[PDB]
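Student: Questions regarding the structure given below will be posed in turn.
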Protein chains: 2
Amino acid sequence: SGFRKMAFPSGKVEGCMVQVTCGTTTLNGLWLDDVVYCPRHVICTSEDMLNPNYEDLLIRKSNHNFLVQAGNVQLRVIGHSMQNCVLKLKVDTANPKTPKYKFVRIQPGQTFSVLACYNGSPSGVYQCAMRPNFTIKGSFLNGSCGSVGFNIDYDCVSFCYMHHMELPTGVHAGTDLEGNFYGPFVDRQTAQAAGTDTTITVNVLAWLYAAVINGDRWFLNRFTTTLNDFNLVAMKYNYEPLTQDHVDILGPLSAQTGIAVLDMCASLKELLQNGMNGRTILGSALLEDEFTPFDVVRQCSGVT
Amino acid sequence: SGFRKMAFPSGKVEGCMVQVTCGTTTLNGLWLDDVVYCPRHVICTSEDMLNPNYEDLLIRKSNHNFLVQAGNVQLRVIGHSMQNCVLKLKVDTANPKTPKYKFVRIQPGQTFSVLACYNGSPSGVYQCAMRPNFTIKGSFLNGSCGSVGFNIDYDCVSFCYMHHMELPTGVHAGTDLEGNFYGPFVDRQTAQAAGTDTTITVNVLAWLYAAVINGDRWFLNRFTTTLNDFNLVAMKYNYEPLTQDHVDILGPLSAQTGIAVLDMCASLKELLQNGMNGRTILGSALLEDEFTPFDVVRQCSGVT
Ligand SMILES: O=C1N[C@H](c2cccnc2)C(=O)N1c1cccc(Cl)c1
Ligand SMILES: O=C1N[C@H](c2cccnc2)C(=O)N1c1cccc(Cl)c1
């Protein structure tokens with residue numbers, strides 16, 4: 001028993017982190033096979049970031065200008081290219097610690113682990129969710145660029161995120177491993193506001209099922225609701241509308257606990273309308289939305 | 001910017017996890033050099049756990065009865081011994097992935113990362129605090145026994161915890177790597193209640209400094225207090241008494257923010273007496289106490 005914001009073991013990703021320097025800018029790179037992936041803003045200087053022309057900037061750069069260091073040993077760069085907002089530096093050596101991997105573009109509401117890195121070195125690991133507004137509420141400082149988000153299925157690492165920037169609001173923006181930004185963000189030092197951030201309803205419901213499994217049942221009530229009634233409440237409280245797909249994914253949690261999805265929706269409805277009244281749920285005084293139904297099942301069954 | 005419950009990168013610890021089986025019981029072991037460390041209750045059966053005589057039970061066991069598997073390869077056991085509540089199985093091969101390591105007995109209020117494991121395989125990593133009552137509020141299921149807690153100083157892993165049991169209250173008890181339990185707990189299937197759990201005051205203050213650093217300042221007020229005035233409040237709210245040692249460790253955070261420790265104490269005093277009034281601090285609706293002043297400095301400076 002017990003419920004924690006758990007990250008995947010980071011070992012397979014630590015063995016891929018390298019340091020990439022170009023000119024006087026240093027950030028993190030991801031070494032998979034004979035390719036190093038990093039944010040293309042490594043070629044920029046502070047003057048360039050106001051309105052950079054990445055194509056023109058990359059033209060003034062050769063393979064020898066990109067310094068890639070893996071631990072204390074230098075990698076030899078034999079090719080370079082720009083794919084959307086990432087640079088792919090072809091090195092002459094395949095990473096011997098390359099795990100089985102995939103590049104995946106996650107959906108908003110999905111979760112992943114982040115291995116925060118500075119100068120190609122890992123400092124910490126934490127669990128995150130891609131917000132519905134495509135930002136992440138992470139923990140990143142200057143130099144953390146190139147840090148990656150991922151999921152692990154037994155031996156396969158699915159890389160889903162690469163950190164690029166922090167918005168003036170303190171939230172984080174980044175790309176998938178093909179260099180495509182999540183959301184409307186551009187890699188430019190310009191004011192970019194994130195949209196309204198909604199609460200991931202299916203995840204809050206999954207976390208309420210995790211709470212029931214682990215003994216916290218005070219919030220269960222004698223009521224039920226319908227998807228349309230529940231969604232009237234969800235809209236008022238800036239919660240994502242619940243669909244039958246969301247109900248379907250909550251099925252294993254509903255089967256294990258014996259609490260019908262719509263009944264759990266009625267508990268959530270009353271929590272939204274009445275608050276917690278000073279009480280806690282799984283050690284939290286607010287409704288947690290960064291656990292998917294898959295995360296709950298995995299943690300409550302011990303998937304390794 | 002941003003503040004997360006960050007765990008250390010788990011790679012160095014993943015390379016030490018093995019599976020230990022004795023009879024029909026399987027749990028996790030920690031392979032460092034030519035020794036495998038695991039909870040001594042691996043020699044027990046369900047009948048034995050009511051009141052086990054570990055010395056008599058271990059006498060019926062030989063080196064060949066302990067099956068140690070590292071990944072898919074078997075380790076050959078050449079020695080076995082009991083040190084307090086751990087078994088030390090001498091294997092004929094040193095772990096090639098043994099990191100630089102130490103065994104340390106942490107103090108209550110100190111934090112550490114846990115690499116939860118099942119059948120010698122890692123499933124997840126999370127940050128924990130040793131509660132003042134010597135329990136941990138972890139996330140562990142049957143089979144997680146032998147999972148370890150640790151800290152990392154650059155390349156050195158300081159192992160501080162080994163998971164042994166879950167109390168009927170759903171909280172966790174375990175030992176240091178010499179087999180000594182944290183707290184009054186015994187490795188026996190008997191009702192053992194934990195003492196009163198207090199809030200780690202120095203950690204809540206460190207987290208309030210982290211909040212100020214990251215922009216959350218609504219809780220700052222025009223008041224100050226004294227250690228004795230503050231402690232009258234701390235006692236009423238089951239907070240640990242604040243000492244000059246605690247004030248001393250908060251010094252770097254006080255210097256960085258320019259908010260005197262006693263002034264931050266006055267903010268905490270008002271938060272304890274008035275609540276949050278529906279507001280949040282670093283995305284939390286309660287006072288977080290599982291970040292030490294060292295954790296705050298490290299995360300806010302990017303120590304790798
Ligand atoms: O180089 C950096 N570092 C900053 C940083 C600070 C904290 C967390 N993460 C990143 C940042 O935002 N930029 C950036 C500035 C402008 C455009 C781009 Cl792509 C990136
Ligand atoms: O073998 C187990 N597994 C249980 C478990 C369940 C969930 C989390 N952690 C451990 C447990 O508590 N015991 C135990 C039972 C009695 C004495 C001892 Cl040392 C240990």
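Numbering starts at 1 and runs along the chain as displayed.
Cβ coordinates are placed from backbone N, Cα and C, and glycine is handled just like the others.
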Student: Of A:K12, A:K90, A:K236, which does Swiss-Prot mark as ubiquitin cross-link?
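Tutor: Annotation hit in Swiss-Prot: A:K90.
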Student: Take the recorded positions A:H41, A:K90, A:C145 and keep those with a Cβ under 8 Å from any chain B Cβ; what remains?
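Tutor: Correct list: none.
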Student: Name, in the order they occur in the sequence, the residues of the same chain whose CB lies under 8 A from the CB of A:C145 (active site, nucleophile) and which sit 6 or more residues away.
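Tutor: The list for A:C145 (active site, nucleophile) reads A:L27, A:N28, A:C38, A:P39, A:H41, A:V42, A:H163, A:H164, A:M165, given in order along the sequence.
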Student: Using a 10 angstroms cut-off on Cβ to Cβ distances, just flag whichever of A:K5, A:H41, A:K90 is the loneliest among these recorded positions.
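Tutor: Comparing Cβ neighbours within 10 Å for the recorded positions A:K5, A:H41, A:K90, A:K90 has the fewest.
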Student: Can you give me the Cα-Cα distance between A:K90 (ubiquitin cross-link) and A:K5 (ubiquitin cross-link) in Å, rounded to a whole number?
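Tutor: Here the two Cα atoms lie 36 Å apart.
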Student: Checking the recorded positions A:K5, A:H41, A:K90, A:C145: which ones have Cβ within under 6 Å of ligand 1?
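Tutor: Cβ under 6 Å from ligand 1: A:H41, A:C145.
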Student: For A:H41 (active site, for 3CL-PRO activity), just give me the three-state DSSP call.
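Tutor: The residue in question, A:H41 (active site, for 3CL-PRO activity), is helix (DSSP, three-state).
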